[PDB]
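Order of appearance sets the numbers: ligands from 1, and atoms from 1 within every ligand. Computed over heavy atoms, backbone and side chain alike; hydrogens, waters and symmetry mates excluded. Index from 1, following the sequence.
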Amino acid sequence: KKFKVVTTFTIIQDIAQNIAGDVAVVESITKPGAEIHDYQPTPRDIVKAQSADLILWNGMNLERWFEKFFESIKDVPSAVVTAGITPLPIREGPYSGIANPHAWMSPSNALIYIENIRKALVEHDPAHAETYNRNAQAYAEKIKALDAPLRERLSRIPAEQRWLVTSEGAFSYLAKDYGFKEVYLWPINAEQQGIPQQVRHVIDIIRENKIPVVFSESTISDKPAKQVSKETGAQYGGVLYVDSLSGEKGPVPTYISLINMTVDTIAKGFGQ
Ligand SMILES: [Fe+3]
């Protein structure tokens with residue numbers, strides 16, 4: 001039976017599986033579409049994690065459930081995959097000053113995710129070290145090749161008009177890399193107050209700058225974004241993918257597809 005890796009959520013599953021190739025099985029705890037910040041694990045998840053040889057998670061306070069869940073797991077090592085990530089801080093709300101956990105939305109950060117996951121796989125399954133090393137380098141080259149198409153895809157939005165209005169403030173790392181000012185209805189997924197007041201502050205920012213499009217994301221409700229759309233007259237741009245891939249048969253089966261689809265959907269929103 002092959003070396004088994006279990007990850008907290010789907011983005012890490014797909015990156016690790018590319019590095020693992022056919023010498024290791026990598027599975028996600030959270031299923032596609034499920035909210036990952038305050039996920040409530042199930043009996044299935046304990047059995048799945050307990051059957052793994054290694055458990056990977058994001059850290060940076062992403063999985064608020066993980067440490068309690070990991071208590072119920074005996075004699076399975078865990079490894080965070082975000083060593084060396086430079087955090088962007090959350091700037092408003094009850095989590096101000098905590099790291100924004102969504103670092104994988106920058107493809108240059110994905111190279112660090114790859115290196116950290118390569119290091120963990122090699123450390124815990126050294127028999128397959130050269131497969132992990134070969135796959136990690138090959139996959140890293142795939143990530144590097146995205147920068148040119150992605151920039152070209154957004155090249156038609158003039159710099160002054162690059163406002164990214166979303167529901168969760170989950171795109172800070174992507175926005176910083178591609179010169180977007182970010183606007184959001186809540187800084188991070190959580191049980192929290194202040195969203196109704198922030199909804200009106202976003203409406204003011206949209207009206208002030210005549211921002212033409214707003215978005216929601218695949219693991220949360222589209223209702224706040226559509227309410228903002230109706231009240232401002234801005235177009236509802238659809239669903240961006242940050243916290244989860246789709247199923248393998250859906251439109252966003254891989255991490256590369258997530259970056260491309262999100263950037264494409266954004267550019268579509270500004271299309272004239
Ligand atoms: Fe999130």
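When distances to the Fe ion (ligand 1) are checked against a cut-off of 2.8 Å, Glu217 contributes no N, O or S atom below that limit.
Look at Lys268 and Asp264 and you find a salt bridge, because one of the NZ, NE, NH1 or NH2 atoms lies within 4.0 Å of a carboxylate O, short of that distance. A salt bridge is defined here as a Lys NZ or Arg NE, NH1 or NH2 lying under 4.0 Å from an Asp or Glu carboxylate O, and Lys144 with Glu141 meets this definition. Using a 4.0 Å cut-off between charged nitrogen and carboxylate oxygen, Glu182 and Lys176 do not count as a salt-bridge pair.
Between the side chains of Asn133 and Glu130, at least one donor N or O lies within less than 3.5 Å of an accepting N or O.
Distances from the Fe ion (ligand 1) to the N/O/S atoms of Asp243 are shortest for OD2.
Annotation: angle subtended at the Fe ion (ligand 1) by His102 NE2 and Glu168 OE1 is 100°, to 10°.
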